[PDB]
Amino acid sequence: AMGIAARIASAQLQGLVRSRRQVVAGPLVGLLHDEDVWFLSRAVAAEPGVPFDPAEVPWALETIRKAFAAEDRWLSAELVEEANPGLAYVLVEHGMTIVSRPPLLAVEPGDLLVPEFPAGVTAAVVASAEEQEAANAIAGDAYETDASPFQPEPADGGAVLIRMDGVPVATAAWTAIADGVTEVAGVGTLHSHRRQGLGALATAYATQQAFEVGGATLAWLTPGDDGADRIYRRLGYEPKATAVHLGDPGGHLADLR
């Protein structure tokens with residue numbers, strides 16, 4: 001309960017519920033967005049860090065499935081294994097499929113390292129709708145299910161652009177803070193500027209802003225979603241937990257990563 005995995009899972013829930021209706025059923029909570037975009041609605045653990053009773057899971061899952069079906073939505077679930085050990089396996093037993101177990105990497109302010117910027121390379125926090133549009137366009141083809149539309153309060157999220165000779169070429173974003181926790185996501189670089197360290201700069205600078213102006217005390221991310229094998233360790237990030245991404249049969253199962 002006092003651990004980093006539970007802290008991250010709890011903060012994720014706290015963030016998600018600000019814009020989603022809850023269907024709480026025992027150890028699970030279904031979260032339904034106003035929009036039908038599939039990944040905006042999902043289930044997560046209702047009580048990170050608290051033991052669960054596996055006997056409740058079949059009824060809980062059917063309750064949530066019913067709520068999703070009423071909206072013609074397909075169910076996926078995201079867990080943190082260490083926050084609710086064994087829960088994913090009970091979900092699999094009752095019809096879900098684990099598609100991936102991505103690592104959750106984390107860093108605290110005193111451990112973050114922002115690399116030196118090469119010649120011509122600068123950074124700026126996103127400060128307009130048009131800069132946010134550029135950020136979304138740069139990151140756009142990357143897998144992203146967790147700063148958009150632009151809003152001015154860094155505690156409520158934000159993004160950064162890395163520029164080369166004044167032109168945006170890379171980006172990263174941070175989510176609204178919850179319990180001092182932010183997720184860094186939306187990392188990308190233009191194809192023309194890949195493999196030059198610019199995604200790592202973006203990640204580092206976004207993390208730094210989340211801490212300096214956003215009020216975050218912990219940042220986490222999951223890697224590889226932009227297809228780049230950059231080494232987040234150079235920035236101070238370290239593996240701290242294991243995410244588990246599950247999908248129901250049919251629907252968007254093939255799209256889940």
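Throughout, numbering of the chain's residues begins at 1 and tracks the sequence.
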Rounded distance [0.5 Å steps], [atom1] in [X] versus [atom2] in [Y]:
X	Y	atom1	atom2	value
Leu40	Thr145	CG	OG1	9.0 Å
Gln196	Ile162	CD	CD1	12.5 Å
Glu183	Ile177	CD	CD1	11.5 Å
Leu198	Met164	CG	CE	5.0 Å
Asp146	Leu16	CG	CG	7.0 Å
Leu61	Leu75	CG	CG	6.5 Å

Does [X] reach the side chain of [Y], with side-chain heavy atoms less than 4.5 Å apart?
X	Y	value
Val99	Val244	no
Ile4	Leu218	yes
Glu56	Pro27	yes
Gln12	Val44	yes
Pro118	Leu201	yes
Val29	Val23	no
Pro223	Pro102	no

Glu116: side-chain contact (heavy atoms from CB on, under 4.5 Å) partners, not counting sequence neighbours: none

Side chain [X], main chain [Y], donor-acceptor under 3.5 Å:
X	Y	answer
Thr182	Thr175	yes
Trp74	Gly250	yes
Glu131	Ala127	yes
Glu108	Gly110	no
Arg20	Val17	no
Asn84	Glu47	yes
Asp179	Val181	no
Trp174	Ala155	no
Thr171	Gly188	no

Common cluster, [X]/[Y], ILVMFWY with side-chain heavy-atom separation under 4.5 Å:
X	Y	answer
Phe68	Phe39	no
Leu79	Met96	yes
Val160	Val213	no
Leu104	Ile231	no
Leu221	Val80	no

May I ask you to check whether [X] and [Y] show a side-chain donor-acceptor distance below 3.5 Å?
X	Y	answer
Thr242	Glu82	yes
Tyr232	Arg234	no
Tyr237	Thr207	yes
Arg73	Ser41	yes

Testing the basics here: between [X] and [Y], what is the closest heavy-atom pair and its distance to 0.1 Å?
X	Y	value
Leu112	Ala204	CD2-O, 3.9 Å
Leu246	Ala88	CD2-O, 3.8 Å
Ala219	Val184	CB-CG2, 4.3 Å
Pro48	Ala45	CD-O, 3.8 Å

Pair [X] + [Y], salt bridge at N-O below 4.0 Å:
X	Y	value
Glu71	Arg21	yes
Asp229	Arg195	no
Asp225	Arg257	no

Test side-chain contact (heavy atoms from CB on, under 4.5 Å) applied to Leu91 and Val57, step by step: CA-CA 7 Å; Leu91 294 176; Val57 173; 3.9 Å; yes

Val107/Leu235 under side-chain contact (heavy atoms from CB on, under 4.5 Å): CA gap, chis, key distance, verdict: CA-CA 8 Å; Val107 70; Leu235 310 184; over 6 Å; no

Greater than 12 external heavy atoms within 6.0 Å of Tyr89's OH: no

More than 12 heavy atoms from other groups under 6.0 Å of CG on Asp53: yes

Residues in side chain to side chain donor-acceptor pair (under 3.5 Å) contact with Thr122, at least two apart in sequence or another chain: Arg163

Pair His94-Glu62, side-chain contact (heavy atoms from CB on, under 4.5 Å): steps then yes or no: CA-CA 9 Å; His94 299 292; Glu62 294 303 314; over 6 Å; no

Residue pair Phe52, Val90: steps toward the side-chain contact (heavy atoms from CB on, under 4.5 Å) verdict: CA-CA 10 Å; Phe52 73 96; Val90 184; 3.9 Å; yes

